[PDB]
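Asker: File follows, my_file25.cif with mmCIF, C-alpha atoms:
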data_start
#
loop_
_atom_site.label_atom_id
_atom_site.label_comp_id
_atom_site.auth_asym_id
_atom_site.auth_seq_id
_atom_site.Cartn_x
_atom_site.Cartn_y
_atom_site.Cartn_z
CA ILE V 49 81.69 97.63 97.02
CA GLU V 50 83.77 97.07 93.84
CA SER V 51 84.76 100.30 92.07
CA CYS V 52 83.14 100.46 88.63
CA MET V 53 83.82 103.17 86.01
CA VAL V 54 83.89 103.24 82.21
CA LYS V 55 84.82 105.99 79.75
CA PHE V 56 84.07 105.85 76.05
CA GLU V 57 86.47 107.79 73.85
CA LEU V 58 84.73 108.83 70.60
CA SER V 59 88.18 109.31 68.95
CA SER V 60 88.91 105.56 69.03
CA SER V 61 85.46 104.09 69.83
CA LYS V 62 87.14 102.32 72.75
CA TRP V 63 85.97 102.01 76.37
CA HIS V 64 88.49 102.56 79.15
CA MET V 65 87.55 100.54 82.21
CA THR V 66 88.28 99.84 85.88
CA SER V 67 88.50 96.06 85.36
CA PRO V 68 88.56 93.59 82.45
CA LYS V 69 84.82 92.94 82.86
CA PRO V 70 83.19 95.68 84.97
CA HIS V 71 80.52 94.23 87.25
CA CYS V 72 78.16 97.20 86.99
CA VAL V 73 77.85 97.77 83.24
CA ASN V 74 77.99 96.14 79.83
CA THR V 75 79.52 98.29 77.13
CA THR V 76 79.41 98.00 73.35
CA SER V 77 81.58 99.37 70.54
CA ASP V 78 78.77 101.66 69.37
CA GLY V 79 79.23 103.78 72.56
CA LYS V 80 76.11 102.40 74.23
CA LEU V 81 75.89 100.78 77.61
CA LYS V 82 73.63 98.70 79.80
CA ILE V 83 73.44 98.95 83.57
CA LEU V 84 73.89 95.59 85.32
CA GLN V 85 73.85 96.75 88.95
CA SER V 86 71.03 98.90 90.30
CA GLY V 87 72.28 101.93 92.19
CA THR V 88 73.27 105.59 92.11
CA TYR V 89 75.42 106.58 89.10
CA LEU V 90 77.18 109.62 87.80
CA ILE V 91 76.61 109.84 84.07
CA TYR V 92 79.29 112.16 82.69
CA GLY V 93 81.05 113.33 79.54
CA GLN V 94 81.96 116.22 77.32
CA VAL V 95 80.64 116.75 73.82
CA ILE V 96 82.96 119.01 71.86
CA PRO V 97 81.42 120.72 68.81
CA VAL V 98 83.29 121.51 65.60
CA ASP V 99 83.91 125.25 64.88
CA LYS V 100 80.74 126.80 63.43
CA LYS V 101 82.61 127.74 60.25
CA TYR V 102 82.67 124.03 59.38
CA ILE V 103 79.02 123.33 59.87
CA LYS V 104 77.17 122.54 56.67
CA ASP V 105 73.71 121.51 57.84
CA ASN V 106 70.85 123.55 59.25
CA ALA V 107 70.40 121.50 62.45
CA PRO V 108 70.80 122.96 65.94
CA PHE V 109 73.42 121.56 68.33
CA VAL V 110 71.49 119.15 70.57
CA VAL V 111 72.63 116.16 72.63
CA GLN V 112 70.19 113.76 74.25
CA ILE V 113 70.92 111.06 76.81
CA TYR V 114 68.41 108.23 76.58
CA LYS V 115 67.46 105.72 79.25
CA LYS V 116 65.73 102.73 77.62
CA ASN V 117 63.28 104.33 75.12
CA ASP V 118 62.86 107.69 76.86
CA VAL V 119 64.91 110.88 77.00
CA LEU V 120 66.76 111.26 80.28
CA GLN V 121 68.37 114.64 79.51
CA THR V 122 68.24 117.11 76.61
CA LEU V 123 71.10 119.58 76.17
CA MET V 124 71.57 122.41 73.69
CA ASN V 125 73.70 125.48 73.11
CA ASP V 126 75.27 127.57 70.33
CA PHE V 127 77.95 125.01 69.39
CA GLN V 128 80.00 125.35 72.59
CA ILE V 129 81.63 122.86 74.99
CA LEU V 130 78.93 120.65 76.46
CA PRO V 131 79.51 118.72 79.74
CA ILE V 132 76.69 116.19 80.10
CA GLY V 133 74.94 114.13 82.77
CA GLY V 134 74.57 114.28 86.51
CA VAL V 135 73.62 111.95 89.35
CA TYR V 136 70.86 109.45 88.51
CA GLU V 137 69.27 106.41 90.10
CA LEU V 138 69.55 103.61 87.53
CA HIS V 139 68.42 100.00 87.54
CA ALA V 140 69.71 96.69 86.25
CA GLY V 141 68.61 96.44 82.62
CA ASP V 142 68.66 100.17 81.85
CA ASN V 143 70.19 100.87 78.47
CA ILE V 144 71.89 104.29 78.28
CA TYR V 145 73.07 106.00 75.08
CA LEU V 146 73.60 109.36 73.43
CA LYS V 147 71.78 110.74 70.41
CA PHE V 148 73.17 113.75 68.52
CA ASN V 149 71.20 115.95 66.13
CA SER V 150 74.02 115.62 63.63
CA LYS V 151 77.19 113.53 63.92
CA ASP V 152 78.83 116.18 61.67
CA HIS V 153 78.51 118.61 64.64
CA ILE V 154 80.87 116.61 66.83
CA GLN V 155 84.63 116.83 67.18
CA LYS V 156 85.45 113.15 67.88
CA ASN V 157 88.86 113.95 69.37
CA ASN V 158 88.27 114.77 73.06
CA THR V 159 84.54 113.88 73.00
CA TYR V 160 83.89 111.24 75.64
CA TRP V 161 81.23 109.94 78.01
CA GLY V 162 80.55 107.25 80.51
CA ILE V 163 79.35 106.31 83.97
CA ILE V 164 80.65 105.61 87.45
CA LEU V 165 78.87 103.66 90.15
CA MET V 166 78.83 106.06 93.11
CA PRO V 167 79.71 105.03 96.71
CA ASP V 168 77.31 106.09 99.42
CA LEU V 169 78.01 109.53 100.83
CA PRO V 170 76.95 109.01 104.49
CA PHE V 171 78.93 111.84 106.06
CA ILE V 172 77.58 115.38 106.19
CA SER V 173 79.74 118.45 106.78
CA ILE A 49 91.49 101.86 97.18
CA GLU A 50 89.16 103.74 99.52
CA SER A 51 86.84 105.77 97.27
CA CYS A 52 86.90 109.52 97.73
CA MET A 53 83.83 111.52 96.56
CA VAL A 54 82.18 114.71 97.88
CA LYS A 55 78.96 116.44 96.85
CA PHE A 56 77.97 119.96 97.80
CA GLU A 57 74.22 120.74 97.99
CA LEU A 58 73.62 124.45 97.52
CA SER A 59 70.14 124.18 99.11
CA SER A 60 71.70 123.36 102.50
CA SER A 61 75.30 124.49 101.95
CA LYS A 62 76.32 121.02 103.15
CA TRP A 63 78.89 118.54 101.79
CA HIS A 64 78.02 114.84 101.64
CA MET A 65 81.13 112.67 101.72
CA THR A 66 82.37 109.09 101.36
CA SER A 67 84.17 109.14 104.71
CA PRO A 68 84.34 111.19 107.90
CA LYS A 69 87.51 112.96 106.67
CA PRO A 70 88.17 112.31 102.95
CA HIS A 71 91.87 111.80 102.19
CA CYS A 72 91.76 113.38 98.72
CA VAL A 73 90.23 116.82 99.44
CA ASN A 74 89.38 119.40 102.06
CA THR A 75 86.05 121.24 101.77
CA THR A 76 84.76 124.70 102.81
CA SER A 77 81.18 125.63 103.84
CA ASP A 78 81.10 128.09 100.93
CA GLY A 79 81.25 125.17 98.46
CA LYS A 80 84.97 125.37 97.61
CA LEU A 81 87.48 122.47 97.57
CA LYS A 82 91.20 122.05 98.06
CA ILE A 83 92.81 119.04 96.41
CA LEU A 84 95.06 117.06 98.74
CA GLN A 85 95.84 114.11 96.43
CA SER A 86 97.31 114.58 92.95
CA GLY A 87 95.38 112.50 90.44
CA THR A 88 92.66 112.32 87.84
CA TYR A 89 89.34 113.77 89.02
CA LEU A 90 85.83 113.90 87.70
CA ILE A 91 84.34 117.32 88.53
CA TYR A 92 80.56 117.23 88.24
CA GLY A 93 77.32 118.97 89.10
CA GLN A 94 74.19 120.68 87.89
CA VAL A 95 73.56 124.41 88.16
CA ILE A 96 69.90 125.27 88.07
CA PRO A 97 69.10 128.73 86.82
CA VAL A 98 66.12 130.90 87.77
CA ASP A 99 63.48 130.83 84.96
CA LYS A 100 64.30 133.07 81.96
CA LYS A 101 60.91 134.80 82.42
CA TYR A 102 62.06 136.27 85.80
CA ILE A 103 65.31 137.73 84.45
CA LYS A 104 64.42 141.13 83.05
CA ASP A 105 67.84 142.22 81.81
CA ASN A 106 70.36 141.05 79.23
CA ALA A 107 72.94 139.65 81.65
CA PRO A 108 73.98 136.17 80.43
CA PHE A 109 73.83 132.99 82.47
CA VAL A 110 77.50 131.95 82.79
CA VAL A 111 79.30 129.48 85.08
CA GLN A 112 83.06 129.10 85.36
CA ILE A 113 85.02 126.42 87.18
CA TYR A 114 88.44 127.57 88.42
CA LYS A 115 91.60 125.65 89.38
CA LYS A 116 93.53 128.10 91.56
CA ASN A 117 93.56 131.30 89.43
CA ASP A 118 93.09 129.46 86.12
CA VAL A 119 89.74 129.04 84.33
CA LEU A 120 89.13 125.31 83.81
CA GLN A 121 85.89 125.77 81.84
CA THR A 122 83.39 128.42 80.91
CA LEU A 123 79.77 127.41 80.28
CA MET A 124 76.74 129.34 79.17
CA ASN A 125 73.25 128.63 78.00
CA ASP A 126 69.87 130.35 77.81
CA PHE A 127 68.93 129.85 81.47
CA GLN A 128 68.47 126.05 81.24
CA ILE A 129 69.68 123.33 83.64
CA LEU A 130 73.46 123.29 83.27
CA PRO A 131 75.53 120.10 83.81
CA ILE A 132 79.15 121.05 84.57
CA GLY A 133 82.64 119.56 84.79
CA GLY A 134 84.53 116.68 83.19
CA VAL A 135 87.76 114.70 83.70
CA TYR A 136 90.72 116.79 84.85
CA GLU A 137 94.25 116.10 86.04
CA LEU A 138 94.64 117.96 89.35
CA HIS A 139 97.56 118.35 91.75
CA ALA A 140 97.94 118.45 95.53
CA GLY A 141 97.40 122.06 96.60
CA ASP A 142 94.92 122.99 93.83
CA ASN A 143 91.86 125.01 94.91
CA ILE A 144 88.66 124.23 92.91
CA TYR A 145 85.64 126.55 92.96
CA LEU A 146 82.81 128.02 90.90
CA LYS A 147 82.06 131.59 89.89
CA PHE A 148 78.78 132.84 88.45
CA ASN A 149 78.06 135.81 86.16
CA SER A 150 75.35 136.69 88.68
CA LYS A 151 74.66 134.94 91.98
CA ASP A 152 71.01 136.04 91.45
CA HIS A 153 70.71 133.68 88.45
CA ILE A 154 71.17 130.60 90.66
CA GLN A 155 68.35 128.56 92.17
CA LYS A 156 69.69 126.92 95.36
CA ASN A 157 67.30 123.94 95.32
CA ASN A 158 68.73 121.04 93.31
CA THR A 159 71.93 122.88 92.43
CA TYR A 160 74.90 120.71 93.40
CA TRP A 161 78.55 120.11 92.50
CA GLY A 162 81.48 118.07 93.62
CA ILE A 163 84.41 115.88 92.73
CA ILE A 164 85.44 112.23 92.53
CA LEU A 165 88.97 110.91 92.67
CA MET A 166 88.83 108.52 89.75
CA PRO A 167 89.97 104.89 89.82
CA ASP A 168 92.67 103.99 87.26
CA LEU A 169 91.15 102.84 83.94
CA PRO A 170 93.85 100.50 82.63
CA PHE A 171 91.69 98.10 80.64
CA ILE A 172 90.41 98.93 77.18
CA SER A 173 87.74 97.22 75.09
#
What does the file become when written as structure tokens?

Answerer:
Amino acid sequence: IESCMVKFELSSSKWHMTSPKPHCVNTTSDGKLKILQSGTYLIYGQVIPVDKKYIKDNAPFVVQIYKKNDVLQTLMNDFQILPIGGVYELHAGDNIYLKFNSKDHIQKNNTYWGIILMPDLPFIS
Amino acid sequence: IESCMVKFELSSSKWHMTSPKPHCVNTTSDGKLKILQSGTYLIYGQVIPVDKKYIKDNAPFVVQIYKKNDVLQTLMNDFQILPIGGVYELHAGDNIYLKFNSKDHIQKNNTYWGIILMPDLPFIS
């Protein structure tokens, strides 16, 4: 029943949390997390790219969400605002993290991500 | 306190909800929302496009989320699965809804969207 949500701010590398020690997730200062409670989660976030005029490298703008050692979601566009995630069934022990093609692509200010343990949605209408 | 989360499934045009009559929003059968409680919301979803190979013109795949008459975000990609949304401060009275560049671009099955009234995140680590 306990509400459980965390939000990692890339600007500060700090997690903002529902409680001092969220029951559903362990978080680390590298922006990674580990699911502690099996259940239905929203994985969410926005990856903000730098203006293309600043990009030095030849790499395309790609964001991957990993679950354990496998890719959960792959996202790409022409260096535009990039909401991430969706509703997933996760299990205790599942590590979740993001991988970027190039860290130089990412505007740290206002880039964030996280999860929320979702309540059941029993009522249809 | 009581969680408040709703999820619209485009396949069925049904909302799935945390409670019989959520306190934080009203919903419409067309997949629109009206915010009843001012607060911080997570807007989320995935918009599934029809395969590129079946779109025989140059019309782009674009999704916009609106708050009343204001564009909250504009998203586009090359006809790939499209996560939407993010954290937004909303106010009582705000209407939230999606608009598509072409309704014909949208696959109903597995397309969904919704909102969550977020818990406060006072603790930082």

Asker: What residues in chain V have any atom no more than 6 Å from chain A when counting only C-alpha atoms, and can you write them as a PyMOL selection string?

Answerer: chain V and resi 62-66+68+125+131-132+169+171-173

Asker: Report, as lines of an AutoDock Vina configuration file, the axis-aligned box around all atoms of range 93-105 of chain V present in the file, extended by 5 Å on each side; give centre and edge lengths in Å to one decimal place.

Answerer:
center_x = 78.8
center_y = 120.5
center_z = 68.1
size_x = 20.2
size_y = 24.4
size_z = 32.9

Asker: So the first atom is CA of residue 154 in chain V and the second is CA of residue 119 in chain V; what is the distance between them in Å, to one decimal place?

Answerer: 19.8 Å

Asker: Kindly give the distance, in Å, that separates CA of residue 112 in chain V and CA of residue 148 in chain V, rounded to a single decimal.

Answerer: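 Separating CA of residue 112 in chain V from CA of residue 148 in chain V is a distance of 6.5 Å.
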
Asker: Quick one: superpose chain V onto chain A using all C-alpha atoms paired in order, least squares, and give it to me as a PDB file with C-alpha atoms, in the coordinates of the input.

Answerer:
ATOM      1  CA  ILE V  49      92.925 103.154  96.935  1.00  0.00           C
ATOM      2  CA  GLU V  50      90.397 104.780  99.326  1.00  0.00           C
ATOM      3  CA  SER V  51      87.179 105.906  97.617  1.00  0.00           C
ATOM      4  CA  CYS V  52      86.844 109.692  97.815  1.00  0.00           C
ATOM      5  CA  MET V  53      83.783 111.686  96.665  1.00  0.00           C
ATOM      6  CA  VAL V  54      82.117 114.904  97.813  1.00  0.00           C
ATOM      7  CA  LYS V  55      78.919 116.634  96.692  1.00  0.00           C
ATOM      8  CA  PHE V  56      78.006 120.182  97.615  1.00  0.00           C
ATOM      9  CA  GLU V  57      74.288 120.899  97.755  1.00  0.00           C
ATOM     10  CA  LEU V  58      73.638 124.618  97.104  1.00  0.00           C
ATOM     11  CA  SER V  59      70.181 124.268  98.770  1.00  0.00           C
ATOM     12  CA  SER V  60      71.730 123.681 102.214  1.00  0.00           C
ATOM     13  CA  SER V  61      75.375 124.721 101.639  1.00  0.00           C
ATOM     14  CA  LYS V  62      76.330 121.288 102.976  1.00  0.00           C
ATOM     15  CA  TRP V  63      78.852 118.782 101.587  1.00  0.00           C
ATOM     16  CA  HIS V  64      77.871 115.124 101.405  1.00  0.00           C
ATOM     17  CA  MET V  65      80.927 112.914 101.725  1.00  0.00           C
ATOM     18  CA  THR V  66      82.300 109.370 101.506  1.00  0.00           C
ATOM     19  CA  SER V  67      83.988 109.558 104.929  1.00  0.00           C
ATOM     20  CA  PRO V  68      84.086 111.924 107.924  1.00  0.00           C
ATOM     21  CA  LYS V  69      87.333 113.478 106.652  1.00  0.00           C
ATOM     22  CA  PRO V  70      87.899 112.618 102.971  1.00  0.00           C
ATOM     23  CA  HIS V  71      91.580 111.989 102.274  1.00  0.00           C
ATOM     24  CA  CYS V  72      91.569 113.542  98.803  1.00  0.00           C
ATOM     25  CA  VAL V  73      89.928 116.933  99.345  1.00  0.00           C
ATOM     26  CA  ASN V  74      89.301 119.717 101.828  1.00  0.00           C
ATOM     27  CA  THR V  75      85.894 121.319 101.554  1.00  0.00           C
ATOM     28  CA  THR V  76      84.564 124.600 102.916  1.00  0.00           C
ATOM     29  CA  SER V  77      81.071 125.936 103.618  1.00  0.00           C
ATOM     30  CA  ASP V  78      81.381 128.474 100.795  1.00  0.00           C
ATOM     31  CA  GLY V  79      81.212 125.587  98.241  1.00  0.00           C
ATOM     32  CA  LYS V  80      84.929 125.716  97.471  1.00  0.00           C
ATOM     33  CA  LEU V  81      87.376 122.876  97.682  1.00  0.00           C
ATOM     34  CA  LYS V  82      91.065 122.089  97.726  1.00  0.00           C
ATOM     35  CA  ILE V  83      92.631 118.970  96.265  1.00  0.00           C
ATOM     36  CA  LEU V  84      94.863 117.113  98.739  1.00  0.00           C
ATOM     37  CA  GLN V  85      95.765 114.072  96.627  1.00  0.00           C
ATOM     38  CA  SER V  86      97.204 114.453  93.137  1.00  0.00           C
ATOM     39  CA  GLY V  87      95.424 112.305  90.581  1.00  0.00           C
ATOM     40  CA  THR V  88      92.672 112.001  87.989  1.00  0.00           C
ATOM     41  CA  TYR V  89      89.318 113.505  89.062  1.00  0.00           C
ATOM     42  CA  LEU V  90      85.837 113.825  87.715  1.00  0.00           C
ATOM     43  CA  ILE V  91      84.585 117.319  88.427  1.00  0.00           C
ATOM     44  CA  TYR V  92      80.795 117.205  88.122  1.00  0.00           C
ATOM     45  CA  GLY V  93      77.569 119.037  88.911  1.00  0.00           C
ATOM     46  CA  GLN V  94      74.408 120.576  87.590  1.00  0.00           C
ATOM     47  CA  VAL V  95      73.627 124.272  87.633  1.00  0.00           C
ATOM     48  CA  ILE V  96      69.892 124.838  87.395  1.00  0.00           C
ATOM     49  CA  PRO V  97      68.814 128.308  86.212  1.00  0.00           C
ATOM     50  CA  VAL V  98      65.690 130.120  87.387  1.00  0.00           C
ATOM     51  CA  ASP V  99      62.898 130.557  84.760  1.00  0.00           C
ATOM     52  CA  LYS V 100      63.758 133.493  82.480  1.00  0.00           C
ATOM     53  CA  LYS V 101      60.565 135.284  83.521  1.00  0.00           C
ATOM     54  CA  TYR V 102      62.186 135.858  86.922  1.00  0.00           C
ATOM     55  CA  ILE V 103      65.428 137.295  85.708  1.00  0.00           C
ATOM     56  CA  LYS V 104      65.879 140.958  86.524  1.00  0.00           C
ATOM     57  CA  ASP V 105      69.445 141.703  85.462  1.00  0.00           C
ATOM     58  CA  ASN V 106      70.998 142.050  82.027  1.00  0.00           C
ATOM     59  CA  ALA V 107      73.772 139.466  82.550  1.00  0.00           C
ATOM     60  CA  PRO V 108      74.132 136.328  80.430  1.00  0.00           C
ATOM     61  CA  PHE V 109      73.980 132.878  82.045  1.00  0.00           C
ATOM     62  CA  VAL V 110      77.630 131.866  82.498  1.00  0.00           C
ATOM     63  CA  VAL V 111      79.287 129.402  84.878  1.00  0.00           C
ATOM     64  CA  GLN V 112      83.045 129.184  85.284  1.00  0.00           C
ATOM     65  CA  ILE V 113      85.050 126.514  87.082  1.00  0.00           C
ATOM     66  CA  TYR V 114      88.326 127.899  88.388  1.00  0.00           C
ATOM     67  CA  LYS V 115      91.496 126.009  89.235  1.00  0.00           C
ATOM     68  CA  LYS V 116      93.711 128.184  91.460  1.00  0.00           C
ATOM     69  CA  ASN V 117      93.584 131.648  89.788  1.00  0.00           C
ATOM     70  CA  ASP V 118      92.777 130.503  86.248  1.00  0.00           C
ATOM     71  CA  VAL V 119      89.602 129.446  84.460  1.00  0.00           C
ATOM     72  CA  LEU V 120      89.408 125.699  83.963  1.00  0.00           C
ATOM     73  CA  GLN V 121      86.071 125.655  82.099  1.00  0.00           C
ATOM     74  CA  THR V 122      83.615 128.297  80.870  1.00  0.00           C
ATOM     75  CA  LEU V 123      80.002 127.291  80.230  1.00  0.00           C
ATOM     76  CA  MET V 124      77.086 129.278  78.841  1.00  0.00           C
ATOM     77  CA  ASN V 125      73.619 128.792  77.412  1.00  0.00           C
ATOM     78  CA  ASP V 126      70.182 130.440  77.232  1.00  0.00           C
ATOM     79  CA  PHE V 127      69.239 129.764  80.875  1.00  0.00           C
ATOM     80  CA  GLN V 128      68.888 125.981  80.526  1.00  0.00           C
ATOM     81  CA  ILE V 129      70.056 122.992  82.604  1.00  0.00           C
ATOM     82  CA  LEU V 130      73.838 123.043  82.780  1.00  0.00           C
ATOM     83  CA  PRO V 131      75.830 119.864  83.643  1.00  0.00           C
ATOM     84  CA  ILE V 132      79.413 120.915  84.376  1.00  0.00           C
ATOM     85  CA  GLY V 133      82.919 119.456  84.484  1.00  0.00           C
ATOM     86  CA  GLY V 134      84.658 116.452  83.035  1.00  0.00           C
ATOM     87  CA  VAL V 135      87.800 114.423  83.678  1.00  0.00           C
ATOM     88  CA  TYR V 136      90.825 116.472  84.784  1.00  0.00           C
ATOM     89  CA  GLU V 137      94.302 115.817  86.119  1.00  0.00           C
ATOM     90  CA  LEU V 138      94.561 117.765  89.384  1.00  0.00           C
ATOM     91  CA  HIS V 139      97.358 118.203  91.892  1.00  0.00           C
ATOM     92  CA  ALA V 140      97.691 118.516  95.643  1.00  0.00           C
ATOM     93  CA  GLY V 141      97.123 122.181  96.479  1.00  0.00           C
ATOM     94  CA  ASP V 142      94.731 122.955  93.618  1.00  0.00           C
ATOM     95  CA  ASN V 143      91.833 125.084  94.768  1.00  0.00           C
ATOM     96  CA  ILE V 144      88.649 124.499  92.732  1.00  0.00           C
ATOM     97  CA  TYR V 145      85.529 126.693  92.823  1.00  0.00           C
ATOM     98  CA  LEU V 146      82.625 127.959  90.760  1.00  0.00           C
ATOM     99  CA  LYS V 147      81.944 131.535  89.717  1.00  0.00           C
ATOM    100  CA  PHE V 148      78.505 132.549  88.410  1.00  0.00           C
ATOM    101  CA  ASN V 149      77.746 135.694  86.419  1.00  0.00           C
ATOM    102  CA  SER V 150      74.837 136.366  88.741  1.00  0.00           C
ATOM    103  CA  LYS V 151      73.790 134.403  91.832  1.00  0.00           C
ATOM    104  CA  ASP V 152      70.217 135.582  91.050  1.00  0.00           C
ATOM    105  CA  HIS V 153      70.355 133.298  87.953  1.00  0.00           C
ATOM    106  CA  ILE V 154      70.637 130.130  90.016  1.00  0.00           C
ATOM    107  CA  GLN V 155      67.925 127.899  91.421  1.00  0.00           C
ATOM    108  CA  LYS V 156      69.628 126.737  94.655  1.00  0.00           C
ATOM    109  CA  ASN V 157      67.327 123.733  95.064  1.00  0.00           C
ATOM    110  CA  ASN V 158      68.839 120.911  92.970  1.00  0.00           C
ATOM    111  CA  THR V 159      72.015 122.853  92.049  1.00  0.00           C
ATOM    112  CA  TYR V 160      75.025 120.829  93.149  1.00  0.00           C
ATOM    113  CA  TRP V 161      78.654 120.125  92.303  1.00  0.00           C
ATOM    114  CA  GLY V 162      81.654 118.234  93.474  1.00  0.00           C
ATOM    115  CA  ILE V 163      84.476 115.857  92.649  1.00  0.00           C
ATOM    116  CA  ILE V 164      85.356 112.182  92.746  1.00  0.00           C
ATOM    117  CA  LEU V 165      88.836 110.716  92.739  1.00  0.00           C
ATOM    118  CA  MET V 166      88.782 108.294  89.797  1.00  0.00           C
ATOM    119  CA  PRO V 167      90.197 104.721  89.943  1.00  0.00           C
ATOM    120  CA  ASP V 168      92.490 103.680  87.134  1.00  0.00           C
ATOM    121  CA  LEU V 169      90.687 102.243  84.135  1.00  0.00           C
ATOM    122  CA  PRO V 170      93.261  99.638  82.960  1.00  0.00           C
ATOM    123  CA  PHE V 171      90.926  97.380  81.000  1.00  0.00           C
ATOM    124  CA  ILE V 172      90.030  98.099  77.387  1.00  0.00           C
ATOM    125  CA  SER V 173      87.026  96.596  75.610  1.00  0.00           C
TER     126      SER V 173
END

Asker: Taking the file as I've supplied it (selection: the PyMOL selection byres ((chain A and resi 140-142) around 10)), which residues are included? Please answer as a list in words.

Answerer: residues 72, 73, 81, 82, 83, 84, 85, 86, 87, 114, 115, 116, 117, 138, 139, 143, 144 and 145 of chain A

Asker: Neighbours of residue 98 in chain V within 9 Å (all atoms listed in the file; same-chain residues fewer than 4 positions away dropped), as a ChimeraX atom specification?

Answerer: /V:102-103,127-128,152-156

Asker: To one decimal place, how far is CA of residue 159 in chain V from CA of residue 58 in chain V in Å?

Answerer: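 Interatomic distance here is 5.6 Å.
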
Asker: Name the closest residue to residue 105 in chain A among the candidates A:150, A:157, A:89, A:60; distances are taken between atoms, counting all atoms listed in the file.

Answerer: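 Looking at the shortest contact to residue 105 in chain A, the residue is A:150.
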
Asker: Which residue out of V:162, V:137, V:74, V:147 has the minimum interatomic distance to residue 111 in chain V when all atoms listed in the file are used?

Answerer: V:147

Asker: Under the rule that all atoms listed in the file are counted, which of A:158, A:97, A:80, A:163 is the nearest residue to residue 110 in chain A?

Answerer: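 Closest to residue 110 in chain A of all the choices is A:97.
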
Asker: Could I see range 127-140 of chain A restored to N, CA and C atoms, set down as a short mmCIF file (atom, residue, chain, number, x, y, z; two decimals), keeping the file's coordinate frame?

Answerer:
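Result file follows (result.cif):
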data_model
loop_
_atom_site.label_atom_id
_atom_site.label_comp_id
_atom_site.auth_asym_id
_atom_site.auth_seq_id
_atom_site.Cartn_x
_atom_site.Cartn_y
_atom_site.Cartn_z
N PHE A 127 69.65 130.06 80.21
CA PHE A 127 68.93 129.85 81.47
C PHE A 127 68.20 128.49 81.46
N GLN A 128 68.94 127.43 81.11
CA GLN A 128 68.47 126.05 81.24
C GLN A 128 69.36 125.30 82.22
N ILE A 129 68.84 124.20 82.77
CA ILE A 129 69.68 123.33 83.64
C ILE A 129 71.04 123.06 83.00
N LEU A 130 72.10 123.20 83.79
CA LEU A 130 73.46 123.29 83.27
C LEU A 130 74.38 122.25 83.93
N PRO A 131 74.55 121.06 83.31
CA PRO A 131 75.53 120.10 83.81
C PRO A 131 76.93 120.73 83.66
N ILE A 132 77.82 120.45 84.60
CA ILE A 132 79.15 121.05 84.57
C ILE A 132 80.23 119.99 84.70
N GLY A 133 81.48 120.38 84.41
CA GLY A 133 82.64 119.56 84.79
C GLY A 133 83.16 118.64 83.68
N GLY A 134 83.74 117.53 84.10
CA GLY A 134 84.53 116.68 83.19
C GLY A 134 85.74 116.10 83.92
N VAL A 135 86.56 115.36 83.18
CA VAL A 135 87.76 114.70 83.70
C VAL A 135 88.91 115.69 83.63
N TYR A 136 89.57 115.89 84.77
CA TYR A 136 90.72 116.79 84.85
C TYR A 136 91.83 116.20 85.70
N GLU A 137 93.05 116.43 85.25
CA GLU A 137 94.25 116.10 86.04
C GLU A 137 94.49 117.24 87.02
N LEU A 138 94.44 116.93 88.32
CA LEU A 138 94.64 117.96 89.35
C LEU A 138 95.84 117.59 90.23
N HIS A 139 96.38 118.57 90.93
CA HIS A 139 97.56 118.35 91.75
C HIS A 139 97.31 118.75 93.19
N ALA A 140 97.99 118.08 94.12
CA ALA A 140 97.94 118.45 95.53
C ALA A 140 98.13 119.96 95.62
#
